[PDB]
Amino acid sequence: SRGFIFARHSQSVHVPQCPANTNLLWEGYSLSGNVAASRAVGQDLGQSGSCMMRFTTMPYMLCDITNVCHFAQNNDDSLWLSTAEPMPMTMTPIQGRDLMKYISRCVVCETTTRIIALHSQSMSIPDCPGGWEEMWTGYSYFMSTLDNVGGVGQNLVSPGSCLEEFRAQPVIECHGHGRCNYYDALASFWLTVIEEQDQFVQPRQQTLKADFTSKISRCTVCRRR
């Protein structure tokens, strides 16, 4: 076996399962990216780089030219996929072991073939072509943006661009102080539904409050035979 690996995110506090014809290497926490020195570098949610075995609000440290290193001494951030657990009505940052309720879990699975992701740009879940086996389906996740640090994006062919559950706020921000929370500048971008007749028409404005699947593109990840 050649051993191509990928990652799967449950978007919940419980560990997901590896799909068919894949073996579990290790399980961990869904890492989305890091914001150091006001620069947001993201991890591909399809690769193993998005699945850390241990969770912490500050998983790294800075080291300057005077041969000293500072850990959690200044203000840097980390990014993690979040669960559907509602934040408390006090809408205060979560700290301590209550952070368990909000950090998604993940697994890293090895298989003999490669993994791709297909996006339909419509309401129909696309089927994979001949010779490919379906593992899971979801919604087309493009990127997430923060204020004045840029953002973190997913490659549309990586399985990380196909989240099994749609979330208006799929990513949570954690600080070196040891707390995580949602912040208003955190936005999420998804592929929209585009009919064949809408390909060259001026887009019409629409603010959705509910019934989101009518405007969210469907996706499917598949392995090869």
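Numbers follow the displayed sequence, beginning with 1.
- 142-150 and 119-127 differ in mean CA B-factor, and the higher of the two is recorded for 119-127.
- Judged by mean Cα B factor in the deposited record, 24-32 ranks above the other of 38-46 and 24-32.
- Which of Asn74, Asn155, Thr113, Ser78 has the largest Cα B-factor in the deposited entry comes down to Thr113.
- When the C-alpha B factors of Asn67, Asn181, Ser161, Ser188 are read from the deposited coordinates, the top value falls at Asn67.
- Compared with the other modelled residues of the chain, the Cα B-factor recorded for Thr137 ranks in the middle third.
- When all modelled residues of the chain are sorted by CA temperature factor, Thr90 is found within the highest third.
- Ranked by C-alpha B-factor against the other modelled residues of its chain, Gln206 falls in the lowest third.
- In this PDB entry, the Cα temperature factor of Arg167 sits in the bottom third of its chain's modelled residues, the lowest group.
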